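The listed protein sequences derive, respectively, from chains A, B and C. In short: position in the first sequence from 1, add 919, done, that's the entry's author numbering. Just so we're aligned: the second sequence equals residues 726 to 828, 852 to 1064 in the entry's author numbering. Just so we're aligned: the third sequence equals residues 641 to 676, 689 to 725 in the entry's author numbering.
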Amino acid sequence: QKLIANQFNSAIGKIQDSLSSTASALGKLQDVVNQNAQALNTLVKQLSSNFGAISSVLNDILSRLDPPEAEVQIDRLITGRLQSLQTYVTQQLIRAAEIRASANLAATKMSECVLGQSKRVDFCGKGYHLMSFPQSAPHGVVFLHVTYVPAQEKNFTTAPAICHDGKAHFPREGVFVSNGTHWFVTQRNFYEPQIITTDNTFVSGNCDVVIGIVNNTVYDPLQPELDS
Amino acid sequence: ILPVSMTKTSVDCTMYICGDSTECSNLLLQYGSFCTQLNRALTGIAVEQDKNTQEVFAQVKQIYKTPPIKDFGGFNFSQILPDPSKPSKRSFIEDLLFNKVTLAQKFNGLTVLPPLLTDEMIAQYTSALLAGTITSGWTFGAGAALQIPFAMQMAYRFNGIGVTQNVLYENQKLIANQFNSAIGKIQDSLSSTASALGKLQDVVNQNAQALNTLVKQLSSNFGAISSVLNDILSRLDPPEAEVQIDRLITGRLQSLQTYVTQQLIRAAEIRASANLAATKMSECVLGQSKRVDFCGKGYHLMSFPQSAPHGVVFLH
Amino acid sequence: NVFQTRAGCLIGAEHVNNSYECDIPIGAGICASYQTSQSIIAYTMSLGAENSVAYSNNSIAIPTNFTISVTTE
Ligand SMILES: *[C@@H]1O[C@H](CO)[C@@H](O[C@@H]2O[C@H](CO)[C@@H](O)[C@H](O)[C@H]2NC(C)=O)[C@H](O)[C@H]1NC(C)=O
Ligand SMILES: *[C@@H]1O[C@H](CO)[C@@H](O[C@@H]2O[C@H](CO)[C@@H](O)[C@H](O)[C@H]2NC(C)=O)[C@H](O)[C@H]1NC(C)=O
Ligand SMILES: *[C@@H]1O[C@H](CO)[C@@H](O[C@@H]2O[C@H](CO)[C@@H](O)[C@H](O)[C@H]2NC(C)=O)[C@H](O)[C@H]1NC(C)=O
Ligand SMILES: *[C@@H]1O[C@H](CO)[C@@H](O[C@@H]2O[C@H](CO)[C@@H](O)[C@H](O)[C@H]2NC(C)=O)[C@H](O)[C@H]1NC(C)=O
Ligand SMILES: *[C@@H]1O[C@H](CO)[C@@H](O)[C@H](O)[C@H]1NC(C)=O
Ligand SMILES: *[C@@H]1O[C@H](CO)[C@@H](O)[C@H](O)[C@H]1NC(C)=O
Ligand SMILES: *[C@@H]1O[C@H](CO)[C@@H](O)[C@H](O)[C@H]1NC(C)=O
């Protein structure tokens, strides 16, 4: 317990320091603001353009030219500005669709990886998922995925089954491992060897069908008690 | 089979509309900044095109490889493993896929940019994923790869779907024979039928049609005297040549806008498909899935990826 | 210092027979970087560190220790 608590606290401190020092981690949030501001500024700057007319300001045209062709010039100006507005609206629509697509995935992640524990591999972070915590951010959400990663390995010899009295014994859950001379049954994600016994294995037919089965004695907890 | 990326292309604006004309460039300058947003959008599309493949395939820290001696309890992976005999390190099924797909030449201001990753690196990525899956099982998706005999990995998979391992351990020969026969059958089916890769040919055909129509738009009068800019300039006087050129400018700009919008929509759809493919690769390949009909009909055991022109192919 | 790639022609950087992880993408599997000379190098992709698990038909590798990692999305 204490080791896991210390690891978790150290990880929290590390992510806090990483966020505090480096400022380039929030690209996925700054990009939206930059795109929106750039589009708005382009739309605003599109106002001052002749589009083929004499002047970019209609006030000069109306105060300097007769109506019969000032109307043609004004019409050209309206056509240009209307086309610009149409383009801006279309770009906004597409960007909003993309943001909705992102928001749906964000909602799914919040529903699954936060309100419960997910068994989807590589969906709530690398490794085996333990939990998640949410945090707010300007126009976005930030997830902290607490996961689980194995560290130090070993080498062992194995066997699919075991003969004890002509029968074949398979592990209830885990694997058979050997440290060179003895045999043990252990779980598949954390080395903890235990003595093989009938409480860890189950029988299935004779043992001349399995391939690569090596025979060793299987302890029985009933006989020592029954002797006395 | 599902697509993952489209052709990386980019079209210049000024050269396209009325390239090789100072007068028309001066006229177009009046239209504001219409000539830059299109280039920005196309560059964004190209960047996203590279990002799709980079995200889908690059999911391994290292590059694993199979041991030289192939002893997998009777399972035979020769049809999907990379073949050193071939000059390109691609398996037999990858070669079939590459040869089953057929088919930049115009230079009116449009160009195609090569992908960041050549097909050889994609093949190497798929080989690394396949070797990791075969040897380490699924534990290489979390931390360091841990070796495990293939028969025991299959026993773990059988225990995943609610069937005791003694079912597999007593039917190893039959299961191996069925798997080998299935691999042979799918190879033959891919090699025989011709319409097995529509989902990839359609994208190429659509992009080619769009580009061809965009180029063909050049030869439209759009209400002016003629579509030849040089003839209009050299036959009429500037006072009317200006108004004549204005119509061609407007029409060509409209065509370019329509093409750009179509490209944006198609790119969004392709991005959705690529995200789906990335999820499937991260779940069906790097592990066992309990979601029904997500990684194939029936109960799921494992998956093997392969590359294909602008796409990925799964074997469930 | 002229170099001819598949994606055009690059001048100002020298070719290198080595291979590293990409810092600036160029194309066709070619990237560039600023090593340390103090020049700009242009090289080929490096997908990752080579590895080969010592797979054997009766060998296993069981972890004996874990670590908790917190990742930000
Ligand atoms: C394999 O494991 C067994 C079980 O622990 C080891 O046998 C014991 O070893 C300890 C010392 O490590 C002795 O104190 C015990 O008396 C041994 N008990 C038995 C029943 O042998 C064995 O030494 C290990 N083998 C190797 C090569 O490490
Ligand atoms: C399991 O133990 C038995 C003996 O208890 C071994 O069976 C012997 O095998 C040899 C060679 O195959 C035969 O000549 C003997 O007749 C067998 N004896 C019996 C009683 O069956 C068997 O070899 C052991 N398992 C392994 C994998 O060696
Ligand atoms: C795996 O299957 C392939 C079939 O694609 C086997 O290769 C063939 O093997 C047969 C006899 O086993 C030969 O007659 C053919 O000429 C082989 N063809 C090719 C293209 O190699 C391969 O032998 C099988 N694997 C093992 C270990 O036998
Ligand atoms: C499992 O790994 C952890 C760290 O990854 C080990 O904890 C360290 O133990 C050493 C003593 O050998 C201490 O000096 C360190 O301070 C510990 N780390 C932390 C973060 O407290 C732990 O000992 C390992 N377990 C085993 C059985 O070796
Ligand atoms: C297990 O053995 C293989 C070959 O003997 C070796 O390459 C590997 O490093 C060993 N594993 C460990 C954790 O030492
Ligand atoms: C593993 O392969 C070797 C060949 O190098 C073979 O002798 C041995 O019998 C195999 N193991 C089993 C359990 O069959
Ligand atoms: C190493 O690079 C030099 C040029 O930098 C080149 O001439 C030489 O052929 C390269 N080495 C090999 C083995 O190709």
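Don't be surprised by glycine CBs; every beta carbon is placed ideally from N, CA and C.
Residue-level contact to chain C via CB, residue i, 8 Å cutoff
i, result
"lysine 921 of chain A", "no"
"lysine 795 of chain B", "no"
"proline 809 of chain B", "no"
"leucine 977 of chain B", "no"
"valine 1128 of chain A", "no"
"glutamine 926 of chain A", "yes"
"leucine 894 of chain B", "yes"
"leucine 864 of chain B", "yes"
"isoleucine 1115 of chain A", "no"
Residue i Cβ short of 7 Å to ligand 2 heavy atom set
i, result
"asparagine 1135 of chain A", "no"
"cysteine 1043 of chain B", "no"
"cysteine 1032 of chain B", "no"
Selection from the options that minimises the alpha carbon distance to residue i
i, options, result
"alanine 899 of chain B", "B:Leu877, B:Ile923 and B:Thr732", "B:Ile923"
"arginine 765 of chain B", "B:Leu1063, B:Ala930, B:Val736 and B:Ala783", "B:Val736"
"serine 1037 of chain A", "B:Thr887, B:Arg1039 and B:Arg815", "B:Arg1039"
"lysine 795 of chain B", "B:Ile805, B:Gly1035 and B:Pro987", "B:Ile805"
"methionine 697 of chain C", "B:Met740, B:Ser937, B:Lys1045 and B:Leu865", "B:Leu865"
"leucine 966 of chain A", "B:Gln755, B:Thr761, B:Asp775 and B:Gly769", "B:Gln755"
"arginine 1107 of chain A", "A:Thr1116, A:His1101, A:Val1096 and A:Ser1147", "A:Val1096"
"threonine 912 of chain B", "A:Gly1085, A:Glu1092 and A:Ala1078", "A:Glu1092"
"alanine 1026 of chain B", "B:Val1061, B:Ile997 and B:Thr998", "B:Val1061"
"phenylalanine 888 of chain B", "A:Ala956, A:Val1129 and A:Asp1041", "A:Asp1041"
Environment of residue i [buried if 16+ CB atoms lie within 10 Å]
i, result
"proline 1090 of chain A", "buried"
"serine 968 of chain A", "buried"
"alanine 694 of chain C", "buried"
"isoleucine 670 of chain C", "buried"
"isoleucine 1013 of chain B", "exposed"
"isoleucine 934 of chain B", "exposed"
"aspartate 994 of chain B", "buried"
"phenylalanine 855 of chain B", "exposed"
"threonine 761 of chain B", "exposed"
"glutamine 895 of chain B", "buried"
"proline 897 of chain B", "buried"
"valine 1129 of chain A", "buried"
Contact test: residue i Cβ vs ligand 3 heavy atom, cutoff 7 Å
i, result
"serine 803 of chain B", "yes"
"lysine 795 of chain B", "yes"
Check: residue i C-beta below 7 Å from any heavy atom of ligand 6
i, result
"residue 1186 of chain A", "Since the first and last residues shown for chain A are 920 and 1147, residue 1186 of chain A lies out of range."
"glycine 1131 of chain A", "yes"
Closer than 8 Å to chain A by CB, residue i
i, result
"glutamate 918 of chain B", "yes"
"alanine 713 of chain C", "yes"
"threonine 1009 of chain B", "yes"
"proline 1057 of chain B", "no"
"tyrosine 756 of chain B", "yes"
"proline 987 of chain B", "no"
"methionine 900 of chain B", "yes"
beta-carbon residue i near ligand 5 non-hydrogen atom, thresh 7 Å
i, result
"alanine 706 of chain C", "yes"
"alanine 701 of chain C", "no"
Any non-hydrogen atom of ligand 4 within 7 Å of residue i CB
i, result
"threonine 859 of chain B", "no"
"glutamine 926 of chain A", "yes"
"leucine 1145 of chain A", "no"
"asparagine 717 of chain C", "yes"
"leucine 922 of chain A", "yes"
"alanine 930 of chain A", "no"
"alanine 944 of chain B", "no"
Chain B within 8 Å of residue i, Cβ atoms only
i, result
"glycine 652 of chain C", "no"
"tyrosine 660 of chain C", "no"
"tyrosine 1110 of chain A", "no"
"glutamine 965 of chain A", "yes"
"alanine 672 of chain C", "no"
Closer than 7 Å: residue i CB and nearest ligand 7 heavy atom
i, result
"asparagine 657 of chain C", "yes"
Proximity test, residue i beta-carbon vs ligand 1 heavy atom, cut-off 7 Å
i, result
"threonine 1100 of chain A", "yes"
Practice task
Would you list, in chain order, the members of the region 1017-1038 of chain A that have their beta-carbon closer than 7 Å to a beta-carbon of chain C?
Solution key: none
Exercise for the section: Mind checking the region 1074-1089 of chain A against chain B and listing, in chain order, the residues whose C-beta falls within less than 8 Å of any C-beta there? Expected result: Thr1077, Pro1079, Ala1080, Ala1087 and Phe1089
Problem - Members of the region 694-711 of chain C that neighbour chain B once the beta carbon cut-off is set at 9 Å - result: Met697, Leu699, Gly700, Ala701, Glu702, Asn703, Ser704, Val705, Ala706, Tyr707, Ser708, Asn709, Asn710 and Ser711
Practice task
Mind checking the region 940-964 of chain A against chain B and listing, in chain order, the residues whose C-beta falls within less than 8 Å of any C-beta there?
Solution key: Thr961 and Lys964
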